[PDB]
Amino acid sequence: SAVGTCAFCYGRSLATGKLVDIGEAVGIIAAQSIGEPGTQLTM
Amino acid sequence: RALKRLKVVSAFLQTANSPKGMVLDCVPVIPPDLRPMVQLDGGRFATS
Amino acid sequence: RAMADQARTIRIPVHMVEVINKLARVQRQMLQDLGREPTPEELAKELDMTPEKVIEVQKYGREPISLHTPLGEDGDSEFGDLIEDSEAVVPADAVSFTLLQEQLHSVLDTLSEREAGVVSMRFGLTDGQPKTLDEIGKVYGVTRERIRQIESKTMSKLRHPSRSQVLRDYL
Amino acid sequence: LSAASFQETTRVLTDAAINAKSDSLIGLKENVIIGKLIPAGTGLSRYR
Amino acid sequence: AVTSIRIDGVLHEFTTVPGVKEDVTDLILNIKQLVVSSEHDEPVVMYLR
Amino acid sequence: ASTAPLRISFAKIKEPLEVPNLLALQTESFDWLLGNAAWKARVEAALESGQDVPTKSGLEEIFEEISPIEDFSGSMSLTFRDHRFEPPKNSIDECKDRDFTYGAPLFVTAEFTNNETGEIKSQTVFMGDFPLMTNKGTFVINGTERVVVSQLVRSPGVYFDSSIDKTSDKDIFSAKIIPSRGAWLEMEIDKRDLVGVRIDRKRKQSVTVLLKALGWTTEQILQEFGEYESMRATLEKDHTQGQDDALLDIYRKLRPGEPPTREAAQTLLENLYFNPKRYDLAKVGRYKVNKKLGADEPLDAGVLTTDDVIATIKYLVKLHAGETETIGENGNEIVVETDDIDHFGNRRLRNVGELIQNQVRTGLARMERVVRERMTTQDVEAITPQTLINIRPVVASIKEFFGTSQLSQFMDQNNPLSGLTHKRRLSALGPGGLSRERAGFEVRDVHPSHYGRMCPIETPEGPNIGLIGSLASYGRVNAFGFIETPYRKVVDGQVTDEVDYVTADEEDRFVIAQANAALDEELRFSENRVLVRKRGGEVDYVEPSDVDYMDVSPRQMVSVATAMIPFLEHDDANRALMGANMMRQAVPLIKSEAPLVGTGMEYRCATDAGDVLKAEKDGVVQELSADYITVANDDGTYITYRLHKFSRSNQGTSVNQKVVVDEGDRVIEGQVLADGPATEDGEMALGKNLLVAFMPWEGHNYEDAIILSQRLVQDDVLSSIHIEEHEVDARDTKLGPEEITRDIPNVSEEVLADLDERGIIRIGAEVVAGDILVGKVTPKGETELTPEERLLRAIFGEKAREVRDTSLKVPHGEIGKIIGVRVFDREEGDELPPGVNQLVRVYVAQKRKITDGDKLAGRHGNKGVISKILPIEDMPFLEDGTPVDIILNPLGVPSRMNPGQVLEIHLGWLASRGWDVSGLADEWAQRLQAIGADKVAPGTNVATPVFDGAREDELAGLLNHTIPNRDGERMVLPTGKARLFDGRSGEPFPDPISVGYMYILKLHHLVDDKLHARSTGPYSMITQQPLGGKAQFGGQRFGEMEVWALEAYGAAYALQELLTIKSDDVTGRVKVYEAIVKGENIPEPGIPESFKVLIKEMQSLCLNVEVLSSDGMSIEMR
Amino acid sequence: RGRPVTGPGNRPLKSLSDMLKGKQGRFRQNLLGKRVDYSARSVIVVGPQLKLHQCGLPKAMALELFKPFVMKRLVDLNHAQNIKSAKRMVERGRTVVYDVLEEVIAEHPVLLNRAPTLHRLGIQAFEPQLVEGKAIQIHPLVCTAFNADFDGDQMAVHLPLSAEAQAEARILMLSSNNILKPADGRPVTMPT
Amino acid sequence: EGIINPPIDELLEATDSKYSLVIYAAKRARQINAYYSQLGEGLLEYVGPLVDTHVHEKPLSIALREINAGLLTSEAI
Amino acid sequence: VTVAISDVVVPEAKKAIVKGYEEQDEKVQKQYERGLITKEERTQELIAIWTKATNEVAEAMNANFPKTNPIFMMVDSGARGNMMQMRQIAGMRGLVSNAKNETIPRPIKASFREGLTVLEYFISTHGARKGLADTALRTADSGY
Ligand SMILES: [Mg+2]
């Protein structure tokens, strides 16, 4: 895609079960999802 | 060393900036309300 | 001279600085010799000045504190983060004043044109410029005392137990 | 603006000033800072 | 049941009467266990001296 | 004492030593500091008893240290001696009422001697008011009661350490000599086998240069430090020689620039290390250095010596070589090994006396500097000691310490336990200690040397975990600041009755047995395989010949607060820690009740805390009333004790003392005459006994919530009195003074109904939010009114008074009666601060009942917020119509691994019902008959010591022999489970349910103080955002994470309004308020003020920030 | 460069640069996250009678949060003659004020939040209803989403104002439309 | 009944996604509120509501009901 | 479902396993004392022996609970809890680490139902505090 990404490559939106919309902020969702379980990973 | 130097030498070469801006002749002063002189109850003054 | 003229954020003239220094020296000497904090009367008698003058001199020499002094053990705030801005526009008061203005304009509308006009031009509602009785008479082409008569009539009309209750709350 | 608001503020600002960088406000953090609709979700011109 | 009191030299619950071994806030707990029966629909009054 | 309430104990072990005075840790230290008669008796009582060697009180030591004082020529000298104390001018009650600082005058006999004609001018000098410590180990500073907590610090001495580098795969050794009030020196051997002599952390020299400077020739170094190749390699790689050359090289390297000279280097080094004025390792430092290196140098004075430097070099080089033992100076031999910085052989305790001594010394340093300067500058023959001594610095330093110091803490007064635990607290952070964010994971560990010296359970759960602890029950503080613990001596396998106090090092030397070791009863071990602790703290089985010490008792390692948790050995360490930290927050209720199943440590804690009134001399109570007790002592004198009634503690609770004696009773010394805030007949009582059933109930106790009965509200079982104080002062202003009166400018008369003659609310009046407590009027002077206001005034003809109102009103959401009014006038001789004409304080008290949202908890770390309060009728009730008072979820017991609560509940039921087991010839019933626990009347309290409680066998057996109820049946089956009935449906529950009696506490986390809302209120000054907090109205912070969440949803308008028209849009807040009030569309947001402030600051930094439009044109932001 | 200047107490002075840097500078503390109006906070209890889209606000917090709306409403119903009398009536806490509040509070979503907000399901929009007490009531199902226990936890309440904010809080952030977990797609609003 | 009426699934049959529906409903609600506010004064272009209402109903709810019933159309400008 | 100390059932076969492995431990200790093995050999042998004992006790415990026990019903249904915690409550707590991270070759042979002795409790406090500190720091690390 010339600009950013496109819905069909991202795929389904796991939070709603349908194709991801055309304004979704996937970057922040990815960051939050990766960072939330940080406290469970015992150092 | 030359590669590192050219990065800062080239910036002033093309952009509207000039080296003379690195030395100051006059110093700006921020508006008073962003450095308030408030009078606490009891006469004590608090500065910023 | 320079120290007296540059050692304080709020400058104090040389003579008042001398007075403050002398008072501090006398107070320290009295504390040392006597062994107890001097009461204001003792300093007033020793320094040969009224107790009020001593209190004022004491209040002049205080130095200001900073708004950046930390207060919490963690350090999440400063001394200037809890200073309430006591000179801002409280939205409730502003809307109350706007409603008062609207209500006053509405009430003054029920009056006759002449009475409302004289009241407005006497209290300067439209322009904020109070005017004398003679000028009002000139615009109305009547006597000064006659204009004074009209103002009293309207003033009593509004202060009546038939039109007051619409304005009682705002007072 | 985003880099300055992230960390190393002094270095970022003293580099941008010399480079005379211009910020176009195309991210989320910049719009959040200046106080306008983020270019995501319902803030897109396609929906407004 | 009892619903209120008033003592000669007491203004509030959080005090004590000179000469008695209990606070005024313990006399209240002591008279809450006071079992009485009444026949008047009005707020009758009785006296302790 | 013998006059203690009955409590049948399940203990099976006889303790040979009683717990010491729990408050000694502070009282003894301050007695030593002052030099009281008690300390004199203690030191005189050192006849082969205790480590009370120091014969000098702190102030005497300080004065003898600062004397004599002489000028640069020695013409005249000044000395201090014979410090004396006068009686205090004010009692504690007066100090707390009038906001004074309880203290006493201090006089010093100062004599000025002139070397010409042999003069002596001895006289008395007043050295300021020294604050005194009450008998409860607390100070009264400025009317508030404060506590000085000890400090855990690293004792001065010489420490050898080793490290390994993962890259070079070689060991690096280091050796530091850290004094107190001095300059460090650290040597180190790196990978290159070079003996660096890093000095004052100033780059890195070679030890050879320093040795040459000290006056050693190359031949001496080679013939002495020759066997080890590292120092030979250092010597060869020198390229320098000569004492003068090396000395100048050292001076140039560490003090570059200045003109080098030989004398400058020598004098500089002597000033740095050999000058006692600016370098002095204390007695502890000298003792530790002597012990480590063996030198038997006297402890009278300690200053670094060359011999010590060469000894340190020898030790370090031998350690690096690989030696294990060495020959030491003035000693048989020493062991070469590295040091552990966490061992309590290296960590010492600075108590209150030492800290106050340090502050006094710091003040006296400036005082004597001024004395000598003025003595030299002024004339002679007209100078006397009185006119040379300026005591301002000393009092200034004392005041600075007692205020705004991290170790002088505002006291904790939730209850007696909280106050007692605030003392006996060892804090590892503070001035001269370390920092919260710099402490690693190795200083917070439970080192195996903490056994019997520091509790491993009680610590804060926040980011202070490990940096604050509590002294163990039997712990004692050494003369040098170390902590000792008692051990019973066992000889030839026989446990004697000789108790020896041992520190960490001596403990490492020996092998220590375990407290509960089965014995043949002829003072001899039985099993021949006893678990014992060894040198490294490792546990091992040993035969009964190697053992040489034994623990005095179990629960010797647990603190005072952790020794009051029954069945502690069945609780996980985390839950025990939480319970200990959470027993200090329980509030004192109006009616106290001692625990039904407790430990043996309630009476002792309550009495030693100092919050229980105890008879001083034996006698017979003469007269008694709720306010006083007058007793006629036996020696003919009469003494009257006063009791606090509805006072206020630091935390806002209520202090109220009951009376436990009667008019005709006889009292011996030490007997308890009046209860305390949270005591019942002399013993600690922080909560109430409630009938608890374990079961889920319709989801109202889901996920740690609690269901309560209405009875607990009917009978004020969990109700407490809370008091608050409001203070207002009438001061002076430019336009005249402010006045306190009831002639408020424009107030409807109904408000001024409870105000008395002088405009202060009446005692007994009930106030609600918005009421006026004190009427105050402040002048404002000339002002111009808006046209509308003037027109309205003309209408109603209300002349302005020129003075506005600033009266004191109760804040929002506050209620209660008026308890007391205290008014101070500056014109009545009261010591008000400058420019404060009058002051007034009003006390408001209210009784709070338990309601949903209030937090309850037990002693085993089981907490929760009440989420429901059911009527009595619809509660699960036993087979005889007894409702249960609280319902707890069982799902929380197993996964949290604290089965202690279930056992406590079972034993509480057993104690409540009572039992009778006398004729039983059963194995478990015999252990009960050997301790006098056969017959127990119903309702009797019982005691299960911490680590020697009641075994499950005894509980299981007793559960089958309780006293049957009035109907002749036992409701709780031998499995511990009863048969309940459903309160609502009425049908019995399908299976039996576990029930019993639990001790429940009421924590100080009440929902009344947590709620706070805001629609609009005060705003900040520089930036115009809401004013965070709760003393104001204050808005909830909307941080970065919330912004990320809103961005993730894709909600842009909500974020934009949350950032612009709710915080910063100054012209938008009023517009949105008007839009809402007039019922129309919310206006579009503007630009926040914070952005403009940022741009202004950036421009002030000489940066050309500017905002551009579609075309390259600036906007200028107004 | 060199040693910083100090004032009383021997603590370094604050310069122009220090106001822009750090965790407490303009950029991070006053610009990216601020304090907001029309917000409240309180301890949460459990209410199992609620629906998945309902929350229980104490009437004190609800009254203080909705003050302008209730003032306007009771001016509309002639319970007061002007906004001044309405404000005094609300402040003094009469009876009919709560009857009006119970109807101005209907169909107005409120955002409930619990710090720390580790993922987007930490903020959720609920329909409020008044309850008698001083603690909020939270449906037992959403706890896992909030990671909220009932052993003293507290939550904050924010009030959307404009039509766009209300539409977002009602269509996008509603409580019963957020069953699945964004991280992997498994339900979190599930009996636990 | 309440805030879950009309259901989101039925509403989404009249638009493309949630993001567009938000703006659609918000604009309609603003139109309705403006019509109410200026109803007494001189006539304006604003119209509605097009469905039965209640005593004091939130304009957003009326807008959502109108959208669900199919009495509105959204163009692109 | 309810919790009573009679529901927490320790396996009846724990005594035999503990006794046998105690005999093995005593044998290894005697071997070390005479001088046929170094210290590290003793440490490793004891660690292995007691790991085997812990596993055997855990297996017996798992095989002992009736299917209708309240605690087994809580764990099996997935409502709350897991198997390690229930092993600690009713079984053998196991081996613990030293102040330094290294196993102590002397296990806690008593569960929380039977009660720990003083030394065992002191040994467990080590891991307790280390876990608490790690939990304290993980929050800041994950936030960054
Ligand atoms: Mg919680």
# chains A, B, ... in the order shown; residues from 1 in each chain; ligands from 1
>>> interface_residues(of="chain A", to="chain F", cutoff="10 Å", atoms="only C-alpha atoms", output="number ranges by chain")
A: 23-32
>>> write_last_selection(atoms="N, CA and C atoms", output="tab-separated table (two decimals), in the first residue's frame")
chain	number	residue	atom	x	y	z
A	23	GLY	N	-10.11	2.98	9.71
A	23	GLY	CA	-9.57	4.04	10.54
A	23	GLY	C	-8.97	3.49	11.82
A	24	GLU	N	-8.86	2.17	11.90
A	24	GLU	CA	-8.39	1.52	13.12
A	24	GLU	C	-6.95	1.92	13.42
A	25	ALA	N	-6.65	2.09	14.71
A	25	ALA	CA	-5.30	2.41	15.16
A	25	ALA	C	-4.64	1.11	15.61
A	26	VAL	N	-4.19	0.33	14.62
A	26	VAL	CA	-3.67	-1.01	14.90
A	26	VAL	C	-2.35	-0.94	15.66
A	27	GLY	N	-1.57	0.13	15.47
A	27	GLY	CA	-0.28	0.21	16.14
A	27	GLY	C	-0.41	0.28	17.65
A	28	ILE	N	-1.32	1.12	18.13
A	28	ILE	CA	-1.50	1.25	19.57
A	28	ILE	C	-2.09	-0.03	20.15
A	29	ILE	N	-2.99	-0.68	19.41
A	29	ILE	CA	-3.55	-1.94	19.88
A	29	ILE	C	-2.45	-2.99	20.01
A	30	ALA	N	-1.56	-3.06	19.01
A	30	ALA	CA	-0.45	-4.01	19.08
A	30	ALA	C	0.44	-3.71	20.28
A	31	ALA	N	0.78	-2.44	20.48
A	31	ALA	CA	1.63	-2.07	21.60
A	31	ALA	C	0.99	-2.47	22.93
A	32	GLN	N	-0.28	-2.13	23.11
A	32	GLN	CA	-0.97	-2.44	24.36
A	32	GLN	C	-1.06	-3.95	24.58
>>> residues_near_ligand(ligand="ligand 1", cutoff="12 Å", atoms="only C-alpha atoms and all ligand atoms", output="count of residues only")
26
>>> residues_around(residues="residue 32 (chain B)", least_positions_apart="3", cutoff="12 Å", atoms="only C-alpha atoms", output="list in words")
residues 29, 35, 36, 37, 38, 47 and 48 of chain B; 1022, 1093, 1096 and 1097 of chain F
>>> write_last_selection(atoms="N, CA, C and O atoms", output="PDB file, in the first residue's frame")
ATOM      1  N   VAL B  29      12.631  37.832  27.374  1.00  0.00           N
ATOM      2  CA  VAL B  29      12.119  37.765  28.738  1.00  0.00           C
ATOM      3  C   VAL B  29      10.678  37.278  28.680  1.00  0.00           C
ATOM      4  O   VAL B  29       9.840  37.888  28.005  1.00  0.00           O
ATOM      5  N   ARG B  35       5.750  33.363  35.213  1.00  0.00           N
ATOM      6  CA  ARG B  35       6.648  33.312  36.367  1.00  0.00           C
ATOM      7  C   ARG B  35       6.012  34.142  37.473  1.00  0.00           C
ATOM      8  O   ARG B  35       6.534  35.191  37.865  1.00  0.00           O
ATOM      9  N   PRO B  36       4.876  33.694  38.001  1.00  0.00           N
ATOM     10  CA  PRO B  36       4.073  34.558  38.869  1.00  0.00           C
ATOM     11  C   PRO B  36       4.755  34.849  40.195  1.00  0.00           C
ATOM     12  O   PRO B  36       5.605  34.099  40.675  1.00  0.00           O
ATOM     13  N   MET B  37       4.359  35.975  40.782  1.00  0.00           N
ATOM     14  CA  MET B  37       4.767  36.384  42.123  1.00  0.00           C
ATOM     15  C   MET B  37       3.486  36.467  42.945  1.00  0.00           C
ATOM     16  O   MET B  37       2.886  37.537  43.078  1.00  0.00           O
ATOM     17  N   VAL B  38       3.073  35.336  43.495  1.00  0.00           N
ATOM     18  CA  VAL B  38       1.793  35.219  44.182  1.00  0.00           C
ATOM     19  C   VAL B  38       1.984  35.529  45.657  1.00  0.00           C
ATOM     20  O   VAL B  38       3.029  35.237  46.247  1.00  0.00           O
ATOM     21  N   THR B  47       7.639  32.959  44.697  1.00  0.00           N
ATOM     22  CA  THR B  47       8.158  33.268  43.371  1.00  0.00           C
ATOM     23  C   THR B  47       8.374  31.975  42.588  1.00  0.00           C
ATOM     24  O   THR B  47       8.088  30.875  43.069  1.00  0.00           O
ATOM     25  N   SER B  48       8.892  32.112  41.365  1.00  0.00           N
ATOM     26  CA  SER B  48       8.966  30.997  40.428  1.00  0.00           C
ATOM     27  C   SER B  48      10.390  30.623  40.028  1.00  0.00           C
ATOM     28  O   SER B  48      10.566  29.853  39.079  1.00  0.00           O
TER      29      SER B  48
ATOM     30  N   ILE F1022      -0.401  28.836  36.827  1.00  0.00           N
ATOM     31  CA  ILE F1022       0.377  29.048  35.608  1.00  0.00           C
ATOM     32  C   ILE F1022      -0.348  28.444  34.412  1.00  0.00           C
ATOM     33  O   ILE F1022      -0.710  29.145  33.462  1.00  0.00           O
ATOM     34  N   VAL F1093       1.627  28.110  26.596  1.00  0.00           N
ATOM     35  CA  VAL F1093       2.706  28.210  27.577  1.00  0.00           C
ATOM     36  C   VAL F1093       3.968  27.541  27.047  1.00  0.00           C
ATOM     37  O   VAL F1093       5.082  28.060  27.203  1.00  0.00           O
ATOM     38  N   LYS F1096       5.554  29.773  24.467  1.00  0.00           N
ATOM     39  CA  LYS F1096       6.209  30.913  25.100  1.00  0.00           C
ATOM     40  C   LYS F1096       7.548  30.510  25.702  1.00  0.00           C
ATOM     41  O   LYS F1096       8.542  31.227  25.553  1.00  0.00           O
ATOM     42  N   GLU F1097       7.597  29.362  26.381  1.00  0.00           N
ATOM     43  CA  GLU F1097       8.866  28.903  26.946  1.00  0.00           C
ATOM     44  C   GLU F1097       9.889  28.627  25.850  1.00  0.00           C
ATOM     45  O   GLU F1097      11.057  29.026  25.960  1.00  0.00           O
TER      46      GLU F1097
END
>>> residues_around(residues="region 30-45 of chain D", least_positions_apart="2", cutoff="9 Å", atoms="only C-alpha atoms", output="CSV table (one decimal) with N, CA and C atoms, in the first residue's frame")
chain,number,residue,atom,x,y,z
A,21,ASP,N,-11.6,-2.1,10.3
A,21,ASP,CA,-12.2,-0.9,9.6
A,21,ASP,C,-11.0,-0.1,9.0
A,22,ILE,N,-11.4,1.0,8.4
A,22,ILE,CA,-10.5,1.8,7.6
A,22,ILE,C,-10.0,3.0,8.4
A,23,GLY,N,-10.1,3.0,9.7
A,23,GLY,CA,-9.6,4.0,10.5
A,23,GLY,C,-9.0,3.5,11.8
A,24,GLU,N,-8.9,2.2,11.9
A,24,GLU,CA,-8.4,1.5,13.1
A,24,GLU,C,-7.0,1.9,13.4
A,25,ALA,N,-6.6,2.1,14.7
A,25,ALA,CA,-5.3,2.4,15.2
A,25,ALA,C,-4.6,1.1,15.6
D,1,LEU,N,8.2,17.2,17.1
D,1,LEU,CA,7.3,17.3,18.3
D,1,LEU,C,7.2,16.0,19.0
D,2,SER,N,6.9,14.9,18.3
D,2,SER,CA,6.7,13.6,18.9
D,2,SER,C,8.1,13.2,19.5
D,23,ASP,N,7.3,20.6,11.2
D,23,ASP,CA,6.4,19.5,11.6
D,23,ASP,C,5.0,19.6,10.9
D,24,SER,N,4.6,18.6,10.2
D,24,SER,CA,3.3,18.6,9.4
D,24,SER,C,2.1,18.1,10.2
D,25,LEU,N,2.3,17.5,11.4
D,25,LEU,CA,1.2,17.1,12.2
D,25,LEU,C,0.4,16.0,11.5
D,26,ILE,N,1.0,14.9,11.3
D,26,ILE,CA,0.4,13.8,10.6
D,26,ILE,C,0.2,12.5,11.5
D,27,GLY,N,0.8,12.6,12.7
D,27,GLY,CA,0.6,11.5,13.7
D,27,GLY,C,-0.5,11.7,14.7
D,28,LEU,N,-0.6,10.9,15.7
D,28,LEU,CA,-1.6,11.0,16.7
D,28,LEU,C,-1.1,11.9,17.9
D,47,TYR,N,-15.3,10.3,7.2
D,47,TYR,CA,-16.5,10.1,8.0
D,47,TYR,C,-17.1,11.4,8.4
D,48,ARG,N,-16.4,12.5,8.3
D,48,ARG,CA,-16.8,13.8,8.8
D,48,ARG,C,-17.3,14.7,7.7
F,1043,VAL,N,-5.4,8.0,27.5
F,1043,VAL,CA,-5.4,8.6,26.1
F,1043,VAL,C,-5.1,7.5,25.1
F,1047,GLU,N,-7.6,6.4,22.1
F,1047,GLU,CA,-7.1,6.3,20.8
F,1047,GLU,C,-7.4,4.9,20.2
F,1048,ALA,N,-7.2,3.8,21.0
F,1048,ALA,CA,-7.4,2.5,20.5
F,1048,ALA,C,-8.9,2.2,20.2
F,1049,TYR,N,-9.8,2.8,21.0
F,1049,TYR,CA,-11.2,2.6,20.6
F,1049,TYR,C,-11.5,3.3,19.3
F,1050,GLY,N,-10.8,4.4,18.9
F,1050,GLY,CA,-11.1,5.2,17.8
F,1050,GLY,C,-12.0,6.4,18.1
F,1051,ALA,N,-12.2,6.7,19.3
F,1051,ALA,CA,-13.0,7.8,19.7
F,1051,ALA,C,-12.2,9.1,19.8
F,1052,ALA,N,-12.4,10.0,18.8
F,1052,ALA,CA,-11.6,11.2,18.7
F,1052,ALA,C,-12.3,12.4,19.3
F,1053,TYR,N,-13.6,12.5,19.2
F,1053,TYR,CA,-14.3,13.6,19.8
F,1053,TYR,C,-14.3,13.6,21.3
F,1055,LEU,N,-11.9,12.2,23.2
F,1055,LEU,CA,-10.6,12.6,23.6
F,1055,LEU,C,-10.4,14.1,23.5
F,1056,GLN,N,-10.9,14.7,22.3
F,1056,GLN,CA,-10.7,16.1,22.1
F,1056,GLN,C,-11.3,17.0,23.2
F,1057,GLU,N,-12.5,16.6,23.6
F,1057,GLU,CA,-13.2,17.3,24.6
F,1057,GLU,C,-12.6,17.1,26.0
F,1059,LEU,N,-9.6,16.8,26.5
F,1059,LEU,CA,-8.3,17.5,26.5
F,1059,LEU,C,-8.4,19.0,26.4
F,1060,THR,N,-9.5,19.5,25.9
F,1060,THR,CA,-9.6,21.0,25.6
F,1060,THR,C,-10.6,21.7,26.4
F,1085,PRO,N,-14.4,23.0,20.5
F,1085,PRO,CA,-13.3,23.4,21.3
F,1085,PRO,C,-12.3,24.3,20.7
F,1086,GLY,N,-11.5,25.0,21.5
F,1086,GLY,CA,-10.5,26.0,21.0
F,1086,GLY,C,-9.1,25.3,21.1
F,1087,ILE,N,-8.2,26.1,21.5
F,1087,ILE,CA,-6.8,25.7,21.6
F,1087,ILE,C,-6.4,25.7,23.1
F,1088,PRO,N,-5.8,24.7,23.6
F,1088,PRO,CA,-5.5,24.7,25.1
F,1088,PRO,C,-4.4,25.7,25.4
F,1090,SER,N,-2.0,25.2,27.7
F,1090,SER,CA,-0.7,24.6,27.9
F,1090,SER,C,0.2,24.6,26.6
F,1091,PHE,N,-0.5,24.5,25.4
F,1091,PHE,CA,0.3,24.7,24.2
F,1091,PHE,C,0.9,26.1,24.1
G,27,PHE,N,6.0,18.7,28.4
G,27,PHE,CA,5.6,17.8,27.4
G,27,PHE,C,4.9,16.6,27.9
G,31,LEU,N,0.7,18.3,28.9
G,31,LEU,CA,0.3,18.3,27.6
G,31,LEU,C,-0.3,16.9,27.1
G,32,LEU,N,0.4,15.8,27.4
G,32,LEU,CA,-0.1,14.5,27.0
G,32,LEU,C,-1.2,14.0,27.9
G,168,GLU,N,-20.0,8.3,20.7
G,168,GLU,CA,-18.9,7.4,20.8
G,168,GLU,C,-19.0,6.5,22.0
H,18,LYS,N,-19.0,1.4,12.2
H,18,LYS,CA,-19.3,2.2,13.5
H,18,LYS,C,-18.9,3.6,13.4
H,19,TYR,N,-17.7,3.8,12.8
H,19,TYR,CA,-17.1,5.2,12.7
H,19,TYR,C,-18.0,6.2,12.0
H,20,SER,N,-18.6,5.7,10.9
H,20,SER,CA,-19.5,6.6,10.1
H,20,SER,C,-20.8,6.8,10.8
H,22,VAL,N,-21.3,6.9,14.0
H,22,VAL,CA,-21.1,7.8,15.1
H,22,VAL,C,-21.4,9.2,14.6
H,23,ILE,N,-20.8,9.6,13.5
H,23,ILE,CA,-20.9,11.0,13.0
H,23,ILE,C,-22.3,11.2,12.4
>>> atom_distance(atom1="CA of residue 45 (chain E)", atom2="CA of residue 754 (chain F)")
27.1 Å
>>> select_by_dssp(residues="chain A", states="alpha helix (DSSP H)", output="list in words")
residues 7, 8, 9, 10, 26, 27, 28, 29, 30, 31, 32, 33, 34 and 35 of chain A
>>> write_last_selection(atoms="C-alpha atoms", output="PDB file, in the first residue's frame")
ATOM      1  CA  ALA A   7      -7.345  -3.780   5.787  1.00  0.00           C
ATOM      2  CA  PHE A   8      -6.993  -6.964   3.733  1.00  0.00           C
ATOM      3  CA  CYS A   9      -3.346  -7.500   4.709  1.00  0.00           C
ATOM      4  CA  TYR A  10      -4.006  -6.843   8.401  1.00  0.00           C
ATOM      5  CA  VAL A  26      -3.669  -1.006  14.903  1.00  0.00           C
ATOM      6  CA  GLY A  27      -0.280   0.208  16.137  1.00  0.00           C
ATOM      7  CA  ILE A  28      -1.505   1.253  19.573  1.00  0.00           C
ATOM      8  CA  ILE A  29      -3.548  -1.943  19.878  1.00  0.00           C
ATOM      9  CA  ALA A  30      -0.454  -4.013  19.084  1.00  0.00           C
ATOM     10  CA  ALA A  31       1.631  -2.071  21.601  1.00  0.00           C
ATOM     11  CA  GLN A  32      -0.966  -2.444  24.359  1.00  0.00           C
ATOM     12  CA  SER A  33      -1.521  -6.146  23.670  1.00  0.00           C
ATOM     13  CA  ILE A  34       2.207  -6.911  23.724  1.00  0.00           C
ATOM     14  CA  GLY A  35       2.802  -4.819  26.838  1.00  0.00           C
TER      15      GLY A  35
END
>>> residues_around(residues="residue 136 (chain I)", least_positions_apart="6", cutoff="9 Å", atoms="only C-alpha atoms", output="compact mmCIF listing (two decimals) with C-alpha atoms, in the first residue's frame")
# COMPACT_ATOMS: atom_id res chain seq x y z
CA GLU F 461 4.49 -3.92 50.79
CA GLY F 462 5.09 -0.84 48.63
CA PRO F 463 8.41 0.20 47.07
CA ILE F 465 9.91 -3.52 50.83
>>> residues_around(residues="residue 41 (chain A)", least_positions_apart="3", cutoff="10 Å", atoms="only C-alpha atoms", output="PyMOL selection string")
(chain A and resi 37-38) or (chain I and resi 135+138+142)
>>> residues_around(residues="residue 70 (chain G)", least_positions_apart="5", cutoff="7 Å", atoms="only C-alpha atoms", output="PyMOL selection string")
chain G and resi 100-101+104
